[PDB]
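Just so we're aligned, residue 5 is where the sequence shown starts under the deposited numbering, counting upward by one.
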Amino acid sequence: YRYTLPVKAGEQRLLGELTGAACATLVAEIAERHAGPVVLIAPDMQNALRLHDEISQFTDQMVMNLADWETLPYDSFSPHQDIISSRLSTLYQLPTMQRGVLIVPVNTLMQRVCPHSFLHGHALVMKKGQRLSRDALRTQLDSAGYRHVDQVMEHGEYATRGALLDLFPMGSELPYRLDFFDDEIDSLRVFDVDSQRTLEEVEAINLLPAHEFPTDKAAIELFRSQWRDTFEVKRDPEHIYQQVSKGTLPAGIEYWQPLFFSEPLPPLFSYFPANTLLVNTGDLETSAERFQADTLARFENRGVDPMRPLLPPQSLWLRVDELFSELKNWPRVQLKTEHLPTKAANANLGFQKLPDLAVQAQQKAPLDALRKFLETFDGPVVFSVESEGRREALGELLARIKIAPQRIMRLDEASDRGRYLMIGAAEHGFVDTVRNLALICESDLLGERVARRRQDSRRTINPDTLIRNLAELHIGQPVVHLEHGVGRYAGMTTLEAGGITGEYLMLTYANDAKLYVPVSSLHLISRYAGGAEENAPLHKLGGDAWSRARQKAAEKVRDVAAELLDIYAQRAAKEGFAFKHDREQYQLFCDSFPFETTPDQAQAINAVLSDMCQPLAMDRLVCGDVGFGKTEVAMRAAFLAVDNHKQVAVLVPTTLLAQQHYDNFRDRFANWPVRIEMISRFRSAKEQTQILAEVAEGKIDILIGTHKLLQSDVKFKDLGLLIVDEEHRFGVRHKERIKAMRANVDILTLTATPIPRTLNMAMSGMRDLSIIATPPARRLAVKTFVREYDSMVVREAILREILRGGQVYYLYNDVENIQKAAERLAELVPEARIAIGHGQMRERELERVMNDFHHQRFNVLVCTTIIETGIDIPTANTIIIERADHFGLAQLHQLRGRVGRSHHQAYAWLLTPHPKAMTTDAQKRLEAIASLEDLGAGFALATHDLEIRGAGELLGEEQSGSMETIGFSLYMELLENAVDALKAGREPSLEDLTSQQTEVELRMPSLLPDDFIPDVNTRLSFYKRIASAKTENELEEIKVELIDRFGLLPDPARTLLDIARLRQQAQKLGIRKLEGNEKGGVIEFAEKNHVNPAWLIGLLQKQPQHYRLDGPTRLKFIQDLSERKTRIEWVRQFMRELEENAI
Ligand SMILES: Nc1ncnc2c1ncn2[C@@H]1O[C@H](COP(=O)(O)OP(=O)(O)O)[C@@H](O)[C@H]1O
Ligand code: BEF
């Protein structure tokens, strides 16, 4: 083309006049036309990710990025070993590959690596036709460094179960099972982390060492030798020398890598193929050197703590001059967006930048510049769309500009006068003047719409995965056995206690008195919820305290049972309501919203709209973190409410945020004809009466106000929608007082963080719940600083935000000394313009200075906790508090996250009085809030607050209490028992808990042996599932799953399955208790059985000696069933024949 290609160690090519996103075009071109692999060096790893898209967007050659360590140099955490997988694979094949593009940032090119002899000297291949021992391969894996686990879920672990060994290779992404057979590899089956069954069988597998360093005995001794040669040992049970010598691995041990090879580690340059070409963008002569400075700076910063010392930086990272010399050994190309006219191997190819093409909604012709420029472009114009649906979203836009470009795949496909489009993540369009090509990106006109996972992958907390993290069976966590009391779970054990070895779950009580409970009676154990995992009560066994507490609870539930019998339903007398939504009308309202919702916001919208469309009323928690645009869900709910004209009301515990919602709703409905108004202290009673009259006649649909409505004064013609914000700070019977008016109203519970009782109820599932863990695009984190009382940090932070041009939120929490403090901090900060705010003011100047804050005429505001509700403006970007000894975690997090709603990094300066003046609980609160600082932190903080404040009375008042109440589920058990007492009118009795659906014990061992399943959690899960079976199809699929996950089925397993099947069939039949032994047994029916009495008596008289009706419902039979198989077959055929003549 316009230039040659550089192939020489010293050859350097330099290219200029290269606009943004044309670097990708040039890179793809040269890689496709370069006879050899391509390695690209990027200045910023994040930028490299961007490259990883656009390159793959424009070409089809395999493009990969060097997996890199996430942690900062000399950190105290592992590199998140999963990433290591993606690394090692690329390392293993790296020498042997001809075409392909590998992209690396300089910060990781700076890092030393393994010698690859260590790598491919340990690179095993397992093949079908191999007579290899299970144990030999086991020890082989152990030497390789794979970790022995029992429920493999991650990279680099292996588990065993009888003849079935399974593991996860470090190179591939899916684990594998083997199915050994006579020490022969019979199968090699891939299986998902959650299917635990075959997806397919592959002929052979290749596996790589577990880590980036050996871990055999030779490795340990070499490491110890190097250590004793270099550093100084400390005789200590956590000094990494002793910890390594023990056998384990320190968390950060990966940074002490050069102590494992007795060699200078390669600079990774040896791994380049014999014929490569370096291509470089930006510049390294600043990035690499600044990185070296940062590494040494952090090193010297942490040159303390003799336990866990640090290597010199030069031993692990390279030198800059050495890096330059090394790169001068390969041909290299450099790209920059400047003018280099001198002289050869240096060109300036026409890649003009995109002109100012954009769309303006206010203009009558948004695509004015677009249509002006399209017709002035003689060449083809090709658009790029980052997704699929958006393509149509822009095709309609092209219909507004009356053009239908054809979708192409490659840039060369463009004709002379051709308009086209393609799916790509390109950022900036441009004008390739070489052949007059116009490339257009979405941001060219749309602007900023970013949906990538900008946040760190590890920096995420899934709510459902947090519940599934564990809900049972932690070896120390407490549980409650309703018969006796509360203890700590300790595990499983098999016991021979009557000639049949049965499983038993063992609990421990006070004074170390153990209690084993049979596995079958599992439904008598509840997971503790009193929230005292470290200070919980420990009932001493055989005491009356638990019985007394249970009797008190029984009395309380009987009282509330009468109360519910007043309603004559289990909160079920309600029929609800159905809303009608017009999809086009709602879509029009979506159009009136000038934003794009996050995916979880869209999910919440779908859930709420569907639920209201259902003919039942809602009680739905939308508990997401602040700054997630929760209010817009309410806006759309109110729009659909006014579509039905259902007189929606809204509640908030303040006047500031009430006014905020008022103006927001006015903005949403300044185009839609509908009446929005407010009723609170600000309004005069003269107009409050008018508001009440208007809402009595129904001329008002949207009302915003505080507790004035729940004063038996407001009248609604048709109250159909009620909204509540910030459920916290609300006492009980507020919701009951607002519910009393109309039962079938849709309840929408908006909040930022639930109080412990509400959170526990959400966990119970009795109330609908929803979480939005998807922050807006530009909502970066909020910095937090827990500092002691310094008068200078506050002043300098105030000045830092003033020079930024923002507003400071000053918290002192006083209505007397706030006056003096305002002038005190004015003297401290003469540059500051301050207003005084407190809730004990006439509210006229309050709203006036709120308006002033909207205009930002004064910078820092002193206020009490009325600020907590929050009307945050994006201008405000910093909060300094004064009292940090008494504030709830919910308030702390809420005021932390209240700042932002903008692209600019906010701040949260936290001022504390003397540490010794702090009580223990204050220290715990402050250390907890400091420990967590990231997006999606409110929900996890609420989970932590659970077990701290403790869920309160699930029945009585005073929520969020840590009293000694019975757990959660037992309350529901007694409630349904009393509902039975009401429906059947039966007497209250503590016997329904002592339940018995069907007992089919026959003195025959039946259990899931631990050898057949290693762990206990899965064993108990299957125990519960089998106990709660409903049809023989369930049993069949369970048997299939057991076959998959654990191979063959032991005799006890088969017996358990068939006993469950027989219990199922007997429950279908109508018999309740079928018992027996070797010499015979008894059959006992129900009150209304379905066995034919005629033939029943016929059998009775046919063989009275072998059959005797001894009791109103008891049939005694004698049988010589010395074989378990004979016993089971006899009973099966007996019951089958009995039910054959079923009446
Ligand atoms: N997906 C989004 N992208 C950009 N900005 C958003 C998004 N969602 C919300 N916002 C902005 O952030 C602000 C959040 O205010 P609000 O609805 O009160 O959030 P929260 O109720 O969580 O405090 C809104 O005023 C809105 O303008
Ligand atoms: F209700 Be929010 F957090 F604005």
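The beta-carbon is built from N, C-alpha and C at its ideal position, and this holds for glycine as well.
### Query
Would the C-beta of residue 482 count as close to ligand 1, meaning under 7 Å from any of its heavy atoms?
Residue 482 sits at position 478 when you count from the first residue of the sequence shown. The answer is no for residue 482.
#### Entry: Closest residue to residue 273 among 372, 865 and 112 (Cα-Cα distance)
As a first step, residue 273 is located in the sequence shown; it is residue number 269 there, counting from the start. The shortest Cα separation from residue 273 among 372, 865 and 112 belongs to 112.
### Query
At which residues does the alpha helix (DSSP H) containing residue 614 begin and terminate?
In the sequence shown, residue 614 corresponds to position 610, counting from 1. From DSSP, the alpha helix (DSSP H) with residue 614 extends over 603-617.
### Query
How is residue 482 classed by DSSP in three states: helix, strand or coil?
Walking along the sequence shown from the start, residue 482 turns up at place 478. If DSSP states are grouped into helix, strand and coil, residue 482 belongs with the strands.
### Query
What do you reckon, are the CB atoms on residue 486 and residue 997 nearer than 8 Å?
Translated into positions along the sequence shown, residue 486 becomes position 482. Translated into positions along the sequence shown, residue 997 becomes position 993. A contact, by the Cβ cut-off of 8 Å.
### Query
Should residue 468 go down as buried or exposed, given a rule of 16 or more other Cβ atoms within 10 Å for buried?
By 1-based counting over the sequence shown, the position of residue 468 is 464. Result: exposed.
### Message
Which residues end up in the neighbourhood of ligand 2 when you take C-beta atoms closer than 5 Å to any of its heavy atoms?
### Response
630 and 756
### Task
Give a yes or no on contact between the stretch 1051-1067 and the stretch 554-571, applying the rule of three or more CB pairs nearer than 8 Å.
no
### Message
Would you say the beta carbon of residue 179 is closer than 7 Å to some non-hydrogen atom of ligand 1?
### Response
Numbered from 1 along the sequence shown, position 175 holds the residue referred to as residue 179. No, the beta carbon of residue 179 sits no closer than 7 Å to any heavy atom of ligand 1.
### Message
Can you tell me whether residue 947 is helix, strand or coil according to DSSP?
### Response
Along the sequence shown, read from residue 1 onward, the residue named residue 947 stands at position 943. Helix, per DSSP.
### Query
What are the residues that DSSP puts in a beta bridge with residue 492?
Within the sequence shown, the letter at position 488 stands for residue 492. In DSSP, residue 492 forms a bridge with 482 and 512.
### Task
Starting from residue 498, follow its DSSP beta bridges and name the residues at the other end.
By one-based count along the sequence shown, residue 498 stands at place 494. Answer is 507.
### Message
When you measure from the CB of residue 584 to every non-hydrogen atom of ligand 1, does any distance come out below 7 Å?
### Response
Locating residue 584 in the sequence shown gives position 580, counting from the first residue. Result no, Cβ not under 7 Å from ligand 1.
### Task
Can you tell me which of the three DSSP states residue 627 falls into?
Within the sequence shown, residue 627 is the residue found at index 623, counting from 1. Of the three classes helix, strand and coil, the one that applies to residue 627 here is coil, per DSSP.
#### Entry: Cα-Cα separation between residue 375 and residue 430, rounded to whole angstroms
In the sequence shown, the residue the question calls residue 375 occupies position 371. In the sequence shown, the residue the question calls residue 430 occupies position 426. Straight-line Cα distance between these residues: approximately 21 Å.
### Task
Check whether the Cβ of residue 91 sits closer than 7 Å to any heavy atom of ligand 1, and report yes or no.
For the purposes of this step, residue 91 is taken as the residue at position 87 of the sequence shown. No, since every heavy atom of ligand 1 falls outside the 7 Å radius drawn around the Cβ of residue 91.
### Query
Distance, Cα to Cα, residue 984 vs residue 995?
The sequence position of residue 984 within the sequence shown is 980, counting from 1. The sequence position of residue 995 within the sequence shown is 991, counting from 1. The alpha-carbon atoms of residue 984 and residue 995 are separated by roughly 12 Å.
### Best match in 420, 405 and 387 for proximity to residue 1150 [C-alpha to C-alpha]
Shown here, the chain extends from 5 to 1147; a query on residue 1150 therefore has no answer.
### Message
Are the CB atoms of residue 321 and residue 299 within a distance shorter than 8 Å?
### Response
Start at 1 with the first residue of the sequence shown, and residue 299 comes out as number 295. Start at 1 with the first residue of the sequence shown, and residue 321 comes out as number 317. Contact flag set, yes.
### Query
Taking C-beta to C-beta, are residue 89 and residue 255 nearer than 8 Å?
Here residue 89 corresponds to residue number 85 of the sequence shown, with the count starting at 1. Here residue 255 corresponds to residue number 251 of the sequence shown, with the count starting at 1. Taking 8 Å as the Cβ cut-off, residue 89 and residue 255 do not qualify as a contacting pair.
### Query
Taking residue 110 as the reference, which of 289, 211 and 209 has the closest Cα?
Locating residue 110 in the sequence shown gives position 106, counting from the first residue. Comparing Cα-Cα distances from residue 110 to each of 289, 211 and 209, the minimum goes to 289.
### Member of 28, 401, 94 and 19 whose CA lies at the smallest distance from the CA of residue 342
If you number the sequence shown from 1, residue 342 lands on position 338. The candidate whose alpha carbon is nearest that of residue 342 is 19.
### Contact set for residue 410: own chain, Cβ-Cβ below 7 Å, skip 5 residues either direction
If you number the sequence shown from 1, residue 410 lands on position 406. Same-chain partners within the cutoff: 424.
### Task
Counting only the same chain and skipping the five closest in sequence on each side, list residues whose C-beta sits under 7 Å from that of residue 915.
Residue mapping note: residue 915 aligns to position 911 of the sequence shown, counting from 1. Closer than 7 Å at the Cβ level, and outside the excluded window around residue 915, lie 791, 793, 798, 884, 885, 886 and 888.
### Query
CA-CA distance, residue 442 and residue 433?
Translated into the one-based positions of the sequence shown, residue 442 becomes position 438. Translated into the one-based positions of the sequence shown, residue 433 becomes position 429. Approximately 7 Å between the Cα atoms of the pair.
### Message
With a threshold of 7 Å (Cβ to nearest heavy atom), would residue 495 be considered close to ligand 1?
### Response
Position 491 of the sequence shown holds residue 495. No, ligand 1 has no heavy atom inside 7 Å of this Cβ.
### Local conformation of residue 1085 per DSSP, three classes
Here residue 1085 refers to the residue found at position 1081 when the sequence shown is read from its first residue. Strand, per DSSP.
### Query
Three-state secondary structure (DSSP) at residue 867?
Working through the sequence shown from its first residue, we reach residue 867 at position 863. Residue 867 falls in the strand class under three-state DSSP.
#### Entry: Distance, residue 1094 Cα to residue 1146 Cα
Start at 1 with the first residue of the sequence shown, and residue 1146 comes out as number 1142. Start at 1 with the first residue of the sequence shown, and residue 1094 comes out as number 1090. If I take the Cα positions, the gap works out to 5 Å.
### Message
Excluding the 5 residues flanking residue 49 on each side, which residues of the same chain have their C-beta closer than 8 Å to its C-beta?
### Response
The residue you call residue 49 lines up with position 45 of the sequence shown. Taken in chain order, the residues that qualify are 72, 109, 111 and 112.
### Proximity of residue 116 and residue 310 at Cβ, strictly below 8 Å
By one-based count along the sequence shown, residue 116 stands at place 112. By one-based count along the sequence shown, residue 310 stands at place 306. Taking 8 Å as the Cβ cut-off, residue 116 and residue 310 do not qualify as a contacting pair.
#### Entry: Simplified DSSP assignment, three categories, for residue 987
For the purposes of this step, residue 987 is taken as residue 983 along the sequence shown, with counting starting at 1. Correct three-state label for residue 987: helix.
### Query
Can you name, in chain order, every residue of its own chain whose Cβ lies under 6 Å from the Cβ of residue 829, other than the five neighbours on each side?
In the sequence shown, the residue the question calls residue 829 occupies position 825. Counting only Cβ-Cβ distances below 6 Å, and skipping sequence neighbours, we find nothing.
### Query
In terms of alpha-carbon separation, which member of 701, 632 and 818 lies closest to residue 777?
For the purposes of this step, residue 777 is taken as the residue at position 773 of the sequence shown. Closest by alpha carbon: 632.
### Task
Along the alpha helix (DSSP H) that carries residue 1021, what are the first and last residues, could you check?
For the purposes of this step, residue 1021 is taken as the residue at position 1017 of the sequence shown. Counting along the chain, the alpha helix (DSSP H) containing residue 1021 begins and ends at 1021-1031.
### Task
Take residue 1117 and list the residues in its own chain whose beta-carbon comes closer than 6 Å to its own, dropping the five residues that flank it on each side.
What you label residue 1117 is simply residue 1113 of the sequence shown in a count that begins at 1. Excluding positions up to five away in sequence, the list reads 1088 and 1089.
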